[PDB]
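Visitor: Structure in structure tokens, see below.
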Ligand SMILES: Cc1ccccc1-c1ccc2nc(N)c(C[C@@H](C)C(=O)N[C@@H]3CCOC(C)(C)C3)cc2c1
């Protein structure tokens with residue numbers, strides 16, 4: 001798998017992207033890697049922000065599906081025209097697939113000015129695909145049409161350029177230390193998981209574990225922040241505040257809108273999430289450092305409130321090697337060989353723990 005190591009790039013805050021080709025002859029595009037959506041969508045028109053775009057006129061293997069797609073988001077949108085064509089990943093497996101492609105023809109607040117990517121690879125499941133679940137996502141096509149095992153893994157390394165690896169069809173054991181620990185994919189739409197306990201510096205928040213997963217908890221490479229449900233965020237901050245009241249901060253910094261410049265680190269607590277294990281009454285925990293939730297912009301607060309559920313974004317994923325084990329409906333976490341630490345504390349994955357009533361923690 002050494003051909004796929006270090007195949008991810010990006011700039012701080014503008015997502016991680018992989019190089020892909022579409023059409024024949026191949027057109028090279030940089031494509032955002034997103035485990036929190038399910039469409040393969042690329043710019044197909046000369047939008048000012050774009051370095052390049054999909055030119056369908058130039059592709060002999062392109063087929064029109066004669067159907068449109070409109071994708072609104074909380075802020076802005078994209079829309080396009082559905083079709084299929086041949087796709088490959090230069091620093092991925094040595095295969096070629098016919099996949100669905102949304103050719104983006106109109107967008108609003110989608111593309112980023114100054115970014116170096118031109119599309120998005122939705123790696124989540126068909127149920128959240130637009131317009132509906134009959135548009136087969138790229139990874140489903142890849143597995144169906146080739147002998148690539150139904151599994152991928154992400155080492156997101158962070159920092160200004162960022163780097164990483166998407167190991168398609170397997171695991172590279174050199175990218176983590178210790179052991180992988182697995183949590184069940186609760187249902188195949190998002191990569192939904194169940195959090196069963198939260199600790200701020202060893203201290204249980206003592207909330208009903210249901211609140212951690214209201215109305216869901218997901219693993220999302222397209223989100224920067226650790227995102228927590230409203231009630232949980234307030235409890236969490238009230239706790240991080242108290243744990244680090246040796247220094248003073250405006251109430252807007254936790255919302256979170258100011259810097260701080262030099263580094264102590266040690267006034268801030270570690271954050272531990274306990275995830276449902278593979279075995280009845282068994283859990284494990286993942287622990288992140290302030291290095292993960294204090295993002296340079298001098299730093300900013302990268303935990304924020306949400307009404308979509310818990311979102312385990314880059315803040316979480318940058319501490320760990322993450323295995324999206326689709327074949328066994330599970331997600332693996334191990335300590336990342338590249339995560340940003342100091343000489344006191346490191347990110348951790350630890351188990352097993354005894355946790356009762358873990359099935360009560362999921363929202364219905
Ligand atoms: C930023 C944007 C602008 C216009 C249209 C779509 C988007 C967009 C694209 C990909 C996204 N990928 C993501 N992982 C996220 C965050 C996650 C938690 C999320 O809300 N995912 C939804 C999955 C279904 O499709 C949605 C509604 C566009 C995002 C938001 C996204 C928003």
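Here the Cβ is made from the backbone with ideal geometry for all residues, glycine too, and neighbour counts use every protein chain on show. All of this is worked out from the model, or read from it or from the source named; these are not laboratory values.
Visitor: Could you please find all residues in the stretch 39-59 being within 19 Å of residue 96 (Cα to Cα) and either within 16 Å of the ligand (Cβ to nearest atom) or assigned by CATH to the domain that holds residue 313 (or both)?
Guide: 39, 40, 41, 42
Visitor: Next question, about the same structure. For residues in the stretch 92-117 being more than 20 Å from the chain's Cα centre (by Cα) and assigned to a loop (DSSP other than H, G, I, E, B), which is farthest from the ligand (Cβ to nearest atom)?
Guide: Filtering first and then ranking leaves 94.
Visitor: I'm checking my understanding of the structure. Among residues of the stretch 55-83 that are part of a strand (DSSP E or B) and in contact with a helix residue (DSSP H, G or I) (Cβ under 9 Å, 6 or more places away or on another chain), which one is surrounded by the fewest Cβ atoms within 10 Å (Cβ to Cβ)?
Guide: Within the stretch 55-83, the match that is surrounded by the fewest Cβ atoms within 10 Å (Cβ to Cβ) is 64.
Visitor: Is it true that residue 344 is over 15 Å from residue 227 (Cα atoms), in the same structural domain as residue 238 (by CATH) and surrounded by 24 or more Cβ atoms within 10 Å (Cβ to Cβ)?
Guide: Here the answer is no, as residue 344 does not meet what is asked.
Visitor: Moving on. Please indicate, with yes or no, whether at least one residue in the stretch 12-29 is in a strand (DSSP E or B), under 23 Å from residue 315 (Cα atoms) and within 16 Å of the ligand (Cβ to nearest atom).
Guide: yes
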